[PDB]
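Sequence, then the experimental structure. Questions to follow.
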Amino acid sequence: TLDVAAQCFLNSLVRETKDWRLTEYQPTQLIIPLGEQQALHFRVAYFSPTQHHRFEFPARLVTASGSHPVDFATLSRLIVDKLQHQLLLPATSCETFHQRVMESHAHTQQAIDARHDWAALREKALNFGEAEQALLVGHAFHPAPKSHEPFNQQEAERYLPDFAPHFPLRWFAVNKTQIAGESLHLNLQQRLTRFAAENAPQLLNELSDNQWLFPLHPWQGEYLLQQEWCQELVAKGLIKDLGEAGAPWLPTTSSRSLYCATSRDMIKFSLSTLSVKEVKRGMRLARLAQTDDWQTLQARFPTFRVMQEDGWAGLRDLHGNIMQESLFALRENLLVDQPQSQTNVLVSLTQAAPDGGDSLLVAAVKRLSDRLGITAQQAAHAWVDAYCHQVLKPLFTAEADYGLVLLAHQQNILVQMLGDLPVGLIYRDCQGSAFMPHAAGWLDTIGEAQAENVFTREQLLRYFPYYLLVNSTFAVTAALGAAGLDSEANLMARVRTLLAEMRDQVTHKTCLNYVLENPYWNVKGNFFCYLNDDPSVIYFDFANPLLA
Amino acid sequence: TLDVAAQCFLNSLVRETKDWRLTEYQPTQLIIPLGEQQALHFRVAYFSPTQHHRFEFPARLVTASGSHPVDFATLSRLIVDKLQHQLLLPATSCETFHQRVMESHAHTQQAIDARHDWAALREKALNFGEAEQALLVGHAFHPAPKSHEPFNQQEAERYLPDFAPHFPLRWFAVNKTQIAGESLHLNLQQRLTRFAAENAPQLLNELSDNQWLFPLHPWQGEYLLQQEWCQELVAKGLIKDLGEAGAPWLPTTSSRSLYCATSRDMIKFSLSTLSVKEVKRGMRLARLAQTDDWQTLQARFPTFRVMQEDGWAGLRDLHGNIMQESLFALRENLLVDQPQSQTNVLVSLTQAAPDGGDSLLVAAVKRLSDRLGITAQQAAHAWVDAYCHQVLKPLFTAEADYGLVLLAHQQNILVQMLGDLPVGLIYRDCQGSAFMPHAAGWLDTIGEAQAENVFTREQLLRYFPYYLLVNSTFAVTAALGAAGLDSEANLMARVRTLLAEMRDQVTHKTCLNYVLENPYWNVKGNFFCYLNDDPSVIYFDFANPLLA
Amino acid sequence: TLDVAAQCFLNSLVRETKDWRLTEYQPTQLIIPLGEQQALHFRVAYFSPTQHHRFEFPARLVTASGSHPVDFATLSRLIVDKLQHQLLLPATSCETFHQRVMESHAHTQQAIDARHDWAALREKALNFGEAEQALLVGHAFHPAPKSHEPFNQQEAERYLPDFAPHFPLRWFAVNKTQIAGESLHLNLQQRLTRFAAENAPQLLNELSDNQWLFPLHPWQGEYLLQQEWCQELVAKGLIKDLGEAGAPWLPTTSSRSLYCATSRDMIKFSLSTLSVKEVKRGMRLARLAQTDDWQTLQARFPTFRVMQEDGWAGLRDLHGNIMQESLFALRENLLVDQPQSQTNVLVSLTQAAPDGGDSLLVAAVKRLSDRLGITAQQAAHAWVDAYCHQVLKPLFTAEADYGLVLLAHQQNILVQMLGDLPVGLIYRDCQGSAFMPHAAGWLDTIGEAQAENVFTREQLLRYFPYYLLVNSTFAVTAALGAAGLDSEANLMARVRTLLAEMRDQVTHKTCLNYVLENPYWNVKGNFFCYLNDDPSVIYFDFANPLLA
């Protein structure tokens, strides 16, 4: 049996602590001592060199008297008690931590009960929107991944991707004086006009030189009209609420971010939160993408694309102050012309399946196997190799030759597949971009050398390898390992060899050297991080499995 | 102005003769002496290092008196007179040659007059069937490419791809005794059943244990019922003609070969001609594709696919003799599940445009340029580079590491594109396959070591580089050169560099060494070849443009 | 608030009993006396002249002391106690009845909890398969509609339309000796071949002169292999189980009947039950549909179609006995060529919505209103009028002029709509057909005059008006009444007028006279019928609302 939410709490704990035992004898068990001649025993179904373990449940508690099973509420409390005393922590922040752990475990269990169609996602190639909504648990190494903030069941079933919903946007007619924002190619007025024409043309009778159409998340729209600064604007005749109208939008893995298959733009709302600084990161990268060196990079990696966030807008109050709770940014919908593209977000492919069966990555590889007439293992190798050439090669070369750092969270990576094989990469979330000192000459050509989002070498090596290799790439290899298509050790040797070849084709070797040569990667953890809101406990040393 | 049919006759002549002049001064002219103080002058619009020239017409004839224009009938006759005397040739075979040259020039001109929709093919990505029927002249270096044999206008407008037609197949109910053939996966009876169920289910009331459904080309069907051996079978009750029925089929570049978007099989008819030996080449390669080494090759190049010809059938007469005029072979329709795939046959992309505008390759590259925001030249480089990795790399590695020779006529190469960029290769026409001595151990595992279709080293070097580089790859580079996206010299340097890297990744270097190092490629020509039906005139030495 | 399952039990009770009270004063209440100075009170949200009432819950129980709410378990038990004593019934059959009432109420409540997507079905025109699976409660006047027999949750979530599932069929290779059945147009062998080729072509390697492919429901397949007679066939080499394979099938309102959008045939399984006599009714009507009078009828009503059941098959045991638990019948898929047709089963349109909002009929009419720019009420009138011309006119004229009786259960009527307006009728379930004495001459032309499924005049008037007017037509008018688009009295006056015109266009007036003129329709009820497994209690007199 299994419990996927529980497995996240345990794999996160095991990855960030040294005090556990792995039995030499079989049936293999993993043991967490609790002190007091007491310890939790877990039958191991899959032991992972990267801590993507799968345990059989129930857990058992072994005392001096005997052993008895324990449910997840009990084992998580025992563990948090041990850490409370071991680390001398406030009982209050421990109670908060365990409370949040149990809420996430309930939110996750309910999302599973609602999605009885999930297994059927294994049947055929998923398109972009199907992949965005196939994600039931999004953080495999977080104690409490799923939070419904800020919704309430009925509101959570309409607005969270967990439940595969869709809905129309809410709209205001807003006086041009109360609208702030920017846009590339089209100015702001033309962007709001094109957006409204595509997604709610029937409101175009409300559009004038001075009255513009302003989209809103439906919950966030309700929320703003309850605020006082916004009721003033309504009273003064500067905002008229138009209600919900237009094409269906569906929440993606981010939930603030919405996809509409017929809109040239995706949309990302401040949802109870964007900031003006965050949207400036999008505009900076968008303006940087107009330069000749960006063009040279694109010409070198034609299958590699960034979804630019080249427009944003927000509501000003009576004093002219931009009210950040009203912000949105606009993201190029590179899939508007091919809405059935097999472009899938990496985290949905790699997540463990709620029913214990094949992950959606594994289902894709087995179809690859069948279509080509090659073994499961040979398909697994072909998919890992293409992943490295389509995902890892552009991202390392971009940092190395151009100074552009793109933080590749697993939900920021869209694998463009053709017949279940990676043929391209699309990166999204331009707020996860940063610039190295050797990009300064190139930032300066657009007047952005003093850009706020720069990295030191130390920051590069702390985050970029952690997101791209630990979180993203080893989710691919662990997921293929757990299905037995081949082992993680063998699949990570694939990756190691293809990274070594890449190093030969780049100028600045610093990042690949660390990846290929340093025995430990100091990375910022999640389990103890979230138990705050200690010093060397939030950070931990990750043993490099790529080292010769 | 221009004349594409004429340009084929001249470029073929110029490529296989040394007796012409290229003026040092401008406007650039190409001069062919005719003897007798007489010579043809051609204003040159595009001079090509690989002889893909484009001339402005009319041609002019320069005598001691003056110059006057000449039409294509006159210049082709003057040229054939000169070769008649220069080579002391029979006036009869020269008259035949010029007669066939003029018929091809008329057939080509009529195909142009019928296809007024052709320019609109530039507008968007073509799918497989659109690309197959976009071909108006298929042999850029043949004196007389277009022959309508064996049809007559109305019959040529229904059965030739030139006119973009479609039609249903003709069908016989045939006694099992009079059917010969084979099939893999399904036996012959199950293949004829699956074929008829998919393409003419309404004839399934004619299907029994002993009476099987037998497809026929519609013209070839009419032809066989006029024959005597077949009227006997009808008289004896062994064949009942069922007429034409079922799904629409459209002729491809081959015209004998038909495509139906809903059939799992394509079909290739003996058309007035297949032979039993030819279809055995398909079955041999199909059986070879079941082995573990084929599997290893497929796993190494997952984007590379062969359309196997793993079934065939034919009619036996009363004596049991297979009547080859009734043969067909069945070709996997790898596009049945994705009929809108941008998989396009290479010759349709590279052909010169009948109206003098962009070739369909160039239209695709300009869209690539626009979608990615890179220059025309940068898109041309990206497309050449992907072509080498998707087309040239699998074909050289297959010969080198496995001993499998696939003769890559330009109409045998299907470029699988995604957004106008090559992402894969599909090879078709298994009759153009052959085996090298180092494939004997592997042929022997399926009992095929004594296979009729083997090559010597000499045959490898005469044909494989000519088809893959001279005909296919330099059609790509010349076509991009002629549009001015960049020069052939620069684009062929791209190819040279990517071939050198390939040599490092293969065992048997013989074929790449010749490609990269020999200064001349002795190849079998077309212009003088077709003037027969002399010894060292059919062959000529091609100067290697890839040599350092 | 409301409870749709409860509303079925109460509306069924109220329709078949005279002992209730409707308060003259408001808020309107409906009162059911329980005897003993005790009675159930229901606040009425919608009072219906045809008993399609909607009550607000909770119910209340009023005693001599006071009143207190009661849940559905309590009020259904009180009612069944009263009927037990009032009718002097066995306590055992009353306990069984209440047990089944509560199970249906639970099965219905769970189907609602699973379908959170249901409200979104209101958004746009439904196609055939969406409409088949939109049905959560199928019998508005039955005490216990939903039974899961014979499944168990996980099996019920895979095989019942309530949960919108889909699945592949299970398949046997069966020796021709052990297959019985028939088919029109194609013989049985050709039908099983065409069916298997379309839906599981990859099993065609198992198809031979003597070994035929035999489809099975997946649960029914498992069930037969557990039986002894079938294990013998496996032991003797006469049946080889091939497992599940092929295209997805989805259960329709019947659950035994499956739809596959790409199959030319629908399929109807004996599921734990068809009989040979039942499938002979299909073949008889199918053979009758080949005659010239059928043709004349079709030519008179071109928008009226019957889905013929013109083939069936079953497994014989070692003794040659047809094992009816293996039967299936094959139903023409008239939608195979237009799978997005807005053809919807009438019961899904008319059912009350689980969330208390618009029924799917009402959603369609409101879209009709919007598209045409006419009021909601004018659209309701247009839809009722077209319903009468497209549904009622063909069915009465068929009985009257041809003697063909088609029993129009609401789930047997497919309303072919174009832009939310009825433009045609498709009838299915040929087992609900019967023949009047004046069809004997026409039955005799196909040798079927002694047909088992004939009606007397008495049977005609008991069933045909009940199914076509009480169940089907008044579900349409009540559903439009309950939304307030116009009243049932006014909408039933529409129907009355259009029926009177029909009578002028037909020969045998007997059925329309009864519909238009008799003050009471004696009909067979459901509430007390199902309390058995009394004499004049199963039957009741329905007051004709169409009487002048």
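Received, thanks. Residues are numbered from 1 along each chain as shown, chains lettered A, B, ... in the order given.

which residue is nearest the centroid of chain A?
Centroid-nearest residue in chain A, with C-alpha atoms, centre = their mean: residue A:411, separated by 2.8 Å.

Can you tell me which residues in chain A are near chain B?
Within chain A, the positions near chain B by C-beta under 8 Å from any C-beta of the partner chain are A:289, A:295-296, A:298-299, A:302-303, A:305, A:368, A:372-375, A:378-379, A:381-382, A:386, A:416, A:418, A:421, A:423-424. C-betas here are computed from N, CA, C, even on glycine.

OK, contacts around the nearest residue in space to residue A:23 that is not next to it in sequence?
Spatial nearest neighbour of residue A:23, excluding adjacent residues (C-beta to C-beta, 6 or more residues apart in numbering or on different chains): residue A:29 at 4.6 Å. Contacts for residue A:29 (C-beta atoms under 8 Å, 6 or more residues apart in numbering or on different chains) come out as A:22-23, A:41-44.

Near chain C, which residues of chain A are found?
Residues of chain A lying near chain C by C-beta under 8 Å from any C-beta: A:114, A:116-117, A:120, A:123, A:157, A:163-164, A:166, A:248.

which one of the residues you listed is nearest residue B:432?
Among those, residue A:123 lies closest to residue B:432 (C-beta to C-beta), at 37.7 Å.

any idea how far the closest one is from residue C:247?
Look at residue A:123 and residue C:247: by C-beta to C-beta, to the nearest Å, they are 11 Å apart.

between those two, which one's more packed in?
residue C:247 (15 against 12; other C-beta atoms under 10 Å in any protein chain shown).

mind checking which helix or strand the more buried one is in?
strand C:239-251 (DSSP states H and E).

Tell me which residues touch residue A:386, please.
So residue A:386 contacts A:421-423, B:302 (C-beta under 8 Å, 6+ apart).

so who does the closest residue to residue A:131 other than its chain neighbours touch?
With sequence-adjacent residues excluded and distances taken as C-beta to C-beta, 6+ apart, residue A:131 is closest to residue A:344, at 3.7 Å. For residue A:344, the contact set (C-beta under 8 Å, 6+ apart) comprises A:126, A:128, A:131, A:360, A:414-415, A:417.

report the longest helix in chain A, please.
helix A:91-114 (DSSP state H).

Against residue B:56, how distant is the residue of the stretch 301-450 of chain A found nearest chain C?
Nearest residue of the stretch 301-450 of chain A to chain C: residue A:370, at 10.6 Å (C-beta to the nearest C-beta). From residue A:370 across to residue B:56, the span is 55 Å (C-beta to C-beta).

got it, and residue A:520?
Between residue A:520 and residue B:56 the computed distance is 70 Å (C-beta to C-beta).

sorry, back to before: and the contacts of residue A:29 as CSV, adding neighbour count?
Converted to CSV, those look like this (neighbours: other C-beta atoms under 10 Å in any protein chain shown):
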residue, neighbour count
A:22, 12
A:23, 12
A:41, 19
A:42, 23
A:43, 15
A:44, 18
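
Go through those and name the one nearest chain C.
Out of these, the member with the shortest distance to chain C (by C-beta to the nearest C-beta) is residue A:43, at 24.5 Å.

Double-check that that closest one belongs to a strand.
Yes - looking at residue A:43 with DSSP: H, G, I helix; E, B strand; the rest coil, it is inside a strand.

Would you state the strands of the stretch 351-500 of chain A in chain order?
A:404-406, A:413-418, A:421-427, A:433-435 (DSSP state E, counting those that start in this stretch).

Who are the packing partners of the first one?
When you say that, I think you mean strand A:404-406. strand A:433-435 (3 or more C-beta pairs under 8 Å, 6 or more residues apart in numbering or on different chains; DSSP states H and E).

Comparing residue A:520 and residue B:56, which residue is more hemmed in?
residue B:56 (16 against 11).

So what sits opposite that one in the bridge?
residue B:43 (DSSP bridges).

ok, now how distant is it from chain C?
Residue B:56 sits 53 Å away from chain C, going by C-beta to the nearest C-beta, to the nearest Å.

excluding its backbone neighbours, what's nearest the residue in the stretch 301-450 of chain A positioned nearest to chain B?
The minimum distance from the stretch 301-450 of chain A to chain B, using C-beta to the nearest C-beta, falls at residue A:378 (3.7 Å). Spatial nearest neighbour of residue A:378, excluding adjacent residues (C-beta to C-beta, 6+ apart): residue B:299 at 3.7 Å.

so that neighbour touches residue A:380, yeah?
No - taking contacts as C-beta atoms under 8 Å, residue B:299 lies outside contact range of residue A:380: 10.0 Å.

Which one of these two is surrounded by more residues?
residue A:380 (30 against 20).

thinking again about what came up before, spit out the contact partners of the residue nearest to the centre of chain A.
The contact partners of residue A:411, by C-beta under 8 Å, 6+ apart, come to A:135, A:138, A:253-254, A:345-347, A:429.

Let's see that with 6 Å instead.
Residue A:411 makes contact with A:253, A:345, A:347, according to C-beta atoms under 6 Å, 6 or more residues apart in numbering or on different chains.

If you rank those by neighbours, which is first?
Highest neighbour count within those: residue A:345, with 26 neighbours (other C-beta under 10 Å).
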